[PDB]
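Okay, so here's just one chain, in structure tokens, the form deposited in one PDB entry.
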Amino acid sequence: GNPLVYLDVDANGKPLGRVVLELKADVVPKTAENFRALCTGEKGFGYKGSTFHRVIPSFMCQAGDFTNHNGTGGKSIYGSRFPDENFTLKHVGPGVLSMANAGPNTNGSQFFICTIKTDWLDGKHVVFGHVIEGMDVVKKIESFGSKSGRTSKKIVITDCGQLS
């Protein structure tokens, strides 16, 4: 079946708990595989030790810039960037997992977890999974964001990996 992966998240060195994500490899296999491998770190790089660098209450929590830690970086297991696979899955509600980008066909490693229905991103960002467990952790992360995106605590993915 579809991969299940996890992110364990700290805020100022205090554990918040675990976010478990289903990756919809049935719909977006290339996009799912990138995220899966970045969670395991099996290519020699990935999300472990990196941060949620942009968090906006009543919108989303963004992470995945494991090279520059500020929204300008990241890379995929395929190369620097890869195409929008499809827009079949929609931003239907809280818990949706979707690729951050800098316009069409600029997926790398950055991603966001929605805390509301972000319907205006449909057709612009590739949705590739959702939160199976740990919305409480996501809401804690959200509570440390601000309107500007700047976080009030350092939010770190201390561990990550594949469950199945």
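Each residue number is its position in the shown sequence, starting from 1.
From this point on, the text means the form solved in complex with a small molecule, which you will not see here.
Residue contact check for residue 108: one or more of its heavy atoms lie within 4.5 Å of the small molecule in the deposited complex. In the deposited complex, at least one heavy atom of residue 54 sits within 4.5 Å of the small molecule.
Although the partner is absent here, residue 39 sits far enough away that none of its heavy atoms falls within 4.5 Å of the small molecule in the deposited complex. In the deposited complex, no heavy atom of residue 83 sits within 4.5 Å of the small molecule. The candidate spot formed by 73, 102 and 112 lies fully in contact with the small molecule in the deposited complex, as each residue has a heavy atom within 4.5 Å of it.
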